[PDB]
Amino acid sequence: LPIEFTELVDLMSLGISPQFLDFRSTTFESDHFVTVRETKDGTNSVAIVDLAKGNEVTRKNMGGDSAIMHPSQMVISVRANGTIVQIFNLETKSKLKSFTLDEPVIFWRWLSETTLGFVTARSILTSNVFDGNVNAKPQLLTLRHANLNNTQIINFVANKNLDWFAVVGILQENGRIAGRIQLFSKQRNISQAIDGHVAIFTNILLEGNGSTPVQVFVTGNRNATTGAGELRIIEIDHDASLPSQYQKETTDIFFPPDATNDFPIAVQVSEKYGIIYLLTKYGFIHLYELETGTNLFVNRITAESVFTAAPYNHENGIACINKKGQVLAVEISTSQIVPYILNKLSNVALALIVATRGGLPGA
């Protein structure tokens, strides 16, 4: 009722084999494109699904074994032999970057519209892809710390200012998936090890601060020993000109007793509406209000395992991909969210917070 739930595309319907519909081969940097690396008789290829053009599919052979699209532009990044990276504008045919890293890339993701992020066995790096220095290697941000040892790296996120960063690894510990995050402040050149499976940097407009957002970091964890889930929201880098500060928030994330090996797989936030969308691997969607941390809604949108996710619809929602190749989207209903909070949550104060932030009806 308080959300719209839709299917963006069925990847099996486009002829993609199940062996490629997983974290190894399918990437989702934004709601604009899905990229599937495929292989056939020794030859690699890319299927680029353009969600902004009726799920139009571009199919091309390539020499690399990993490929991602830019969040908005027709710019493809391709990798071979671990270390060799080339980045091309598909429209102009221009080569934007061509370099070899010192160590194999084991994870990458666009951090912003300008900057591509890389994680190796021991290092975390970024590339200013559009600066025109075609052969310049990625710059070292920081060495990986011991807390990410023996993990599979599954995310790398940054704030828009590109001075706060988080790298997420998971490991299996006593038959449960534990999450480890290296949080890095570029300004202080210091890292901090925290427990968490998911992370994002976002912004919130608080009363008193005019049109200037404050920055918050949102992270979700599931304690591998107790099973207890926890969402936390905390401010970073407060501009002293702004009188209103974000007060730290902590909320429970509920996991049923029989979802033993489940954990948070993704978190996206609507800045405009102040809504946190948290998805689990088993396909449970959780909504929280950003200002207060209040739990709004919990449901299950799929019984198939989710492996990746991205912002949806001008970053006001979340889209995800499951192992059956279904690309699913959730966003709040702008007409029904305030009535739901008012009538179903019986929370007049929260209803007003949401209505006022979003310019929404119902209050």
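From 1 onward, residues are counted along the sequence shown.
Peer 1: Determine if residue 44 is unmodelled in a third or more of the other PDB entries compared for this protein.
Peer 2: Residue status for residue 44: gap in at least one third of the other entries.
Peer 1: Between 91-99 and 74-82, point out the one with the higher average CA B-factor as the PDB entry records it.
Peer 2: The entry gives the higher C-alpha B-factor average to 91-99.
Peer 1: Per the record, averaged over C-alpha atoms, which has the higher B-factor: 276-284 or 258-266?
Peer 2: It is 258-266 that shows the higher mean C-alpha B-factor.
Peer 1: Would you mind checking which of 299, 308, 294, 316 has the top Cα temperature factor in the PDB entry?
Peer 2: Within the set 299, 308, 294, 316, 299 shows the top C-alpha B-factor.
Peer 1: Would you please rank residue 160 by its C-alpha temperature factor against the other modelled residues of its chain and give the third it falls in: lowest, middle or highest?
Peer 2: As the PDB entry reports it, the C-alpha B-factor of residue 160 lands in the middle third of its chain.
Peer 1: For residue 44, does the deposited CA B-factor place it in the lowest, middle or highest third of the chain?
Peer 2: Its C-alpha B-factor belongs to the middle third of this chain's values.
Peer 1: How does the C-alpha B factor of residue 333 compare with the rest of the chain: lowest, middle or highest third?
Peer 2: Middle third - that is where residue 333 ends up once the chain's C-alpha B-factors are sorted.
Peer 1: If you rank every modelled residue in this chain by C-alpha B factor, which third holds residue 138: lowest, middle or highest?
Peer 2: For residue 138, whose C-alpha B-factor we compare with every modelled residue in the chain, the answer is the middle third.
Peer 1: Can you tell me which third, lowest, middle or highest, the CA B-factor of residue 113 falls into for its chain?
Peer 2: According to the entry, residue 113 has a C-alpha B-factor in the chain's middle third.
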